[PDB]
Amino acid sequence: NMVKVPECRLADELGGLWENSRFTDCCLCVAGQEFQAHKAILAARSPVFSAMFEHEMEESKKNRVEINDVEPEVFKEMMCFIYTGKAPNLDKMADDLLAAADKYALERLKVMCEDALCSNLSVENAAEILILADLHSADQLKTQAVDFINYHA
């Protein structure tokens, strides 16, 4: 225990990779905005992206994937999660991020959003959150939501 070993920095460096966009091989177009990314990473991280890049006929697309169901700011948080496993701005978009994580099968990000939404459960938004968990198959969130509503009988 004499030698001081530095903290793992895989996440920070992969984040650098995404921020610097080097050796990118695909373009994601989100509401008219273009983002360069790396197929290998997105595929190893999302079963949806994986399937998309693995079974895409029509070179006409030219590695150009157009995303229509996600707002640019939410998209960026999702990407941040894919490259580093973190989502610094999750708190202010938990519900939209949940839907994006669900759509792109990012299980851990999905549960992280569930965790944040659960923590904000109130009698004013209990029902809405409950419905939200049903539309994006967020089990843990639903259960905690049902329990909440019941308890407040």
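Residue numbers run from 1 along the displayed sequence.
Asks: Report the stretch with the higher mean CA temperature factor, choosing between 45-53 and 122-130 on the basis of the entry.
Replies: The stretch with the larger mean CA B-factor is 122-130.
Asks: On average, which has the higher Cα B-factor in the deposited entry, 16-24 or 136-144?
Replies: The stretch with the larger average C-alpha B-factor is 136-144.
Asks: From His38, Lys86, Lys61, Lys110, can you pick the one with the highest C-alpha B factor in the entry?
Replies: The listed residue with the largest C-alpha B-factor is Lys61.
Asks: Looking at the C-alpha B-factor of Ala100, is it in the lowest, middle or highest third of its chain?
Replies: CA B-factor rank for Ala100: lowest third.
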